[PDB]
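Student: just coords:
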Ligand SMILES: *[C@@H]1O[C@H](CO)[C@@H](O[C@@H]2O[C@H](CO)[C@@H](O[C@@H]3O[C@H](CO[C@H]4O[C@H](CO)[C@@H](O)[C@H](O)[C@@H]4O)[C@@H](O)[C@H](O[C@H]4O[C@H](CO)[C@@H](O)[C@H](O)[C@@H]4O)[C@@H]3O)[C@H](O)[C@H]2NC(C)=O)[C@H](O)[C@H]1NC(C)=O
Ligand SMILES: *[C@@H]1O[C@H](CO)[C@@H](O)[C@H](O[C@@H]2O[C@H](CO)[C@@H](O)[C@H](O)[C@H]2NC(C)=O)[C@H]1NC(C)=O
Ligand SMILES: *[C@@H]1O[C@H](CO)[C@@H](O)[C@H](O)[C@H]1NC(C)=O
Ligand SMILES: *[C@@H]1O[C@H](CO)[C@@H](O)[C@H](O)[C@H]1NC(C)=O
Ligand SMILES: *[C@H]1O[C@H](CO)[C@H](O)[C@H](O)[C@H]1NC(C)=O
Ligand SMILES: *[C@H]1O[C@H](CO)[C@H](O)[C@H](O)[C@H]1NC(C)=O
Ligand SMILES: *[C@H]1O[C@H](CO)[C@H](O)[C@H](O)[C@H]1NC(C)=O
Ligand SMILES: *[C@H]1O[C@H](CO)[C@H](O)[C@H](O)[C@H]1NC(C)=O
Ligand SMILES: [Ca+2]
Ligand SMILES: [Ca+2]
Ligand SMILES: [Ca+2]
Ligand SMILES: [Ca+2]
Ligand SMILES: [Ca+2]
Ligand SMILES: [Ca+2]
Ligand SMILES: [Ca+2]
């Protein structure tokens, strides 16, 4: 909803944010004493939830600035994945491929909404076949 | 900051309040590190303090590229591959004198092909017209 | 003849509406419109579109410097926000409510008394500086300040100028809104403003839960961390590496690089089934495309990003 | 559909590059904008020395009003030429580098 992307670093030990175009870089947590080895990350409302291989726990942090991330289910192994399960975490929109598979012979894959002259999808082909000149029909690769 | 213990013991109680051990380098407000990672070639520090302005000590078993960026093993000097970024490892290497072969090698009389010296007088005609098994070849028993 | 400019010039046909001030009176682009940018391009205040690759390349490509607005962080150009002050020892700014409150807030103690450097939290400067709105104590002395909505003018440090507090990092859970009024937030459809600032989710949705891998098994827990349920235990010495979920079909997808397989289960359990079992030797991560019902996955034995059906 | 010596080589080098038909089709529509920038820059390049002689002629006349008025137009005209100078050079470097990388392997 803010059009931002959050990523974590296991080597420089930070959590940082940029806009969908890479502008306006900001740091939400950094230092070996706070985020020694983050692996996974997810967010909901104002919180970022990340897993760290060094503290071996899922952590909670403010999405803006965290002085000391709080613990969440400390574990005896490397926590490998985290994601928040909620309806607002998957907003609601119309798929261009809903209209009779977008006319694609085999596979219909989304794209940027402006792409393909505003259709917002391109036809893709399975392994055994290739896309023809009309970029709609799939023929066997030779 | 790395879980080398596989139990997180080595990174416990490592708050920002403290110092590095005598045998460690310090990254500015990031981590302590092994001195082995100082001038290893790549920046471990957040601000690259570990790789800041230090110079290479390439050994006799290695060759230093002309640009002084990095050193490579002596085996890769004059091999036909540009291991150095500036192609300095293949610059100034030996060649055969024109139309001829190294002081080492043997030359085919048929077509001027250079062959290894051992392939003169080893029983097998390794040359197009048998130049390397001439009548002057003393045989073996 | 040609396009007669606002002040009588023979401007070329192609010059009008090319995102540029060509007319002498700045009227060569007013009467038209420009097409919007494709997803492979980025915006400027000129109405222009520029290549995605030019953004944060370091080049002032579009007059605003807008494609270079803060490509870097924790940096020298602080120009700190209202009710903030900078301790000279480092590139750090601290709020006035912390500065000289009696406890070191800059980690170096650079916001409290330092007799060794001959610095004390003084207040005498306000007597001659004559602050416009208020004064506060700093190691330098009495520092002038002005209310939220405004920042201290840099010419004199005695006046204060109108401000866009929508810029403060931590302003809002979505956007500043209700502007011309100084600042507060607004939240999108499905959110309500608890307390102000907080975009709390609507009661109309099911309780938010966090699903995660504790290292070997898939676990589920609420946001407050009061309950923890094991959703699916790994078989044959497996390992749950990357998890993701589809809400409408209420399914959870996770990868197992030790078993070299991808699994899918119902949120309440049951209906557990393998999704991929060939060329999936190391499925490092996972992400579902809920709008088109697709499963983007990352494979690291042969480095690629694949797409499959659910 | 090209005239500029710089653009003509780039199109020739583009046809021997790694460009996909879609990439090559979009590449032509970028060269058309690139040429328009060059011709706009070339047009103002003539105007800079034209107004430079106009400013020199007026400075010889000695009228303070005409000298001030022509100078006000001149320094803004110089900015127009100088800013387009980089607009064209930056676009030239990106186009040349992209076709260089597409041909380098
Ligand atoms: C994307 O679009 C889909 C489809 O429109 C949305 O799905 C709807 O979401 C709303 C909001 O939660 C749901 O509304 C709720 O429905 C409940 C019952 O519906 C379920 O069960 C019936 C059968 O009994 C099914 O037909 C239906 O599909 C559902 O499975 C009600 O119990 C809820 O009301 C209860 O709570 C409120 C307070 O919150 C009380 O006031 C009520 O008295 C009651 O106790 C509520 O009405 C709706 O059912 C969903 N439909 C479907 C098809 O899923 C997505 O939410 C939407 N996503 C977004 C964010 O846009
Ligand atoms: C992969 O998973 C699909 C289910 O989505 C499964 O049908 C594939 O084949 C099954 O593999 C089982 C284990 O090898 C085998 O016992 C079973 O008979 C077989 N089912 C059919 C009808 O093909 C799975 N493939 C593999 C090799 O695991
Ligand atoms: C190694 O190279 C360094 C470069 O700084 C030089 O100062 C030093 O004398 C050399 N000898 C050794 C082995 O230290
Ligand atoms: C005073 O500060 C303003 C910004 O608030 C600045 O634009 C201006 O140039 C400065 N100088 C004067 C004397 O106005
Ligand atoms: C610095 O911290 C280290 C942590 O290993 C040791 O405690 C060391 O004794 C400290 N040195 C000083 C001078 O405080
Ligand atoms: C290669 O070495 C020979 C000596 O054997 C000559 O120096 C020759 O000039 C060298 N080759 C080149 C390209 O200069
Ligand atoms: C052949 O080699 C053998 C090795 O034992 C003997 O030296 C023998 O005398 C050789 N023959 C000739 C003719 O020299
Ligand atoms: C703006 O123009 C672009 C050109 O790629 C697209 O057509 C886009 O969809 C347009 N904007 C809107 C809001 O539709
Ligand atoms: Ca680390
Ligand atoms: Ca290093
Ligand atoms: Ca070599
Ligand atoms: Ca021989
Ligand atoms: Ca114009
Ligand atoms: Ca740029
Ligand atoms: Ca304080």
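Tutor: Looks like it came in fine. Residues are numbered from 1 along each chain as shown, chains lettered A, B, ... in the order given. Ligands and ions are numbered 1, 2, ... in the order given.
Student: which residue does chain D bring closest to ligand 11?
Tutor: residue D:105 (19.6 Å; Cβ to the ion). For every residue, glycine as well, the C-beta is placed using N, CA and C.
Student: For the stretch 151-300 of chain C, just list every one of the strands.
Tutor: Using DSSP state E, counting those that start in this stretch, the strands found in the stretch 151-300 of chain C span residues C:160-162, C:175-177, C:184-186, C:191-194, C:198-201, C:209-213, C:218-222, C:228-232, C:243-246, C:251-256, C:261-266, C:273-276, C:283-289, C:294-299.
Student: which residues touch residue C:25?
Tutor: Residue C:25 sits next to C:5, C:6, C:7 when contact means Cβ atoms under 8 Å, 6 or more residues apart in numbering or on different chains.
Student: Can I get these in TSV including neighbour count?
Tutor: Compiled in TSV, the contacts of residue C:25 are given as follows (neighbours: other Cβ atoms under 10 Å in any protein chain shown):
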residue	neighbour count
C:5	17
C:6	13
C:7	9
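Student: what's the residue closest to the geometric middle of chain B?
Tutor: Chain B has residue B:73 as the residue nearest its centroid, 2.4 Å off, counting by Cα atoms, centre = their mean.
Student: I misspoke; the intended subject was chain D.
Tutor: Here the mean C-alpha position of chain D is nearest to the C-alpha of residue D:38 (Cα atoms, centre = their mean), at a distance of 3.0 Å.
Student: That one looks like it's in a helix, true?
Tutor: Yes: under DSSP: H, G, I helix; E, B strand; the rest coil, residue D:38 sits within a helix.
Student: Can you verify my assumption that it contacts residue D:4?
Tutor: Yes: at 5.3 Å, residue D:38 and residue D:4 qualify as touching, with contact defined as Cβ atoms under 8 Å.
Student: just to revisit the earlier point, can I get the strands of the stretch 151-300 of chain C in JSON lines with mean neighbour count?
Tutor: As requested, those are exported to JSON lines (neighbours: other Cβ under 10 Å):
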{"stretch": "strand C:160-162", "mean neighbour count": "14"}
{"stretch": "strand C:175-177", "mean neighbour count": "16"}
{"stretch": "strand C:184-186", "mean neighbour count": "17"}
{"stretch": "strand C:191-194", "mean neighbour count": "15"}
{"stretch": "strand C:198-201", "mean neighbour count": "18"}
{"stretch": "strand C:209-213", "mean neighbour count": "24"}
{"stretch": "strand C:218-222", "mean neighbour count": "19"}
{"stretch": "strand C:228-232", "mean neighbour count": "16"}
{"stretch": "strand C:243-246", "mean neighbour count": "23"}
{"stretch": "strand C:251-256", "mean neighbour count": "23"}
{"stretch": "strand C:261-266", "mean neighbour count": "19"}
{"stretch": "strand C:273-276", "mean neighbour count": "14"}
{"stretch": "strand C:283-289", "mean neighbour count": "19"}
{"stretch": "strand C:294-299", "mean neighbour count": "19"}
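Student: For ligand 13, give me its nearest residue in chain A.
Tutor: residue A:114 (24.0 Å).
Student: SS state for that residue?
Tutor: coil.
Student: In space, what's closest to it - neighbours in sequence excluded?
Tutor: Nearest non-adjacent residue to residue A:114, counting by Cβ to Cβ, 6 or more residues apart in numbering or on different chains: residue C:38, 4.4 Å away.
Student: In chain D, which residue sits closest to ligand 5?
Tutor: Closest to ligand 5 within chain D is residue D:101: 48.3 Å, counting by Cβ to the nearest ligand atom.
Student: Then that residue would be within a helix, right?
Tutor: Yes: when three-state DSSP is applied, residue D:101 is found to be in a helix.
Student: tally of neighbours for it?
Tutor: 11 (other Cβ atoms under 10 Å in any protein chain shown).
Student: Tell me who's in contact with it.
Tutor: No contacts exist for residue D:101 under Cβ under 8 Å, 6+ apart.
Student: One more: residue A:83?
Tutor: For residue A:83, the contact set (Cβ under 8 Å, 6+ apart) comprises A:40, A:42, C:210, C:211, C:212, C:243, C:244, C:245.
Student: Just put these in CSV and tack on distance to ligand 4.
Tutor: As requested, the contacts of residue A:83 are exported to CSV (distance: Cβ to the nearest ligand atom, whole Å):
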residue, distance to ligand 4
A:40, 45
A:42, 42
C:210, 47
C:211, 51
C:212, 49
C:243, 51
C:244, 49
C:245, 50
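Student: okay, now residue B:92: neighbour count?
Tutor: For residue B:92, using other Cβ under 10 Å, the count is 8.
Student: before we move on, what SS does it have?
Tutor: Under three-state DSSP, residue B:92 comes out as coil.
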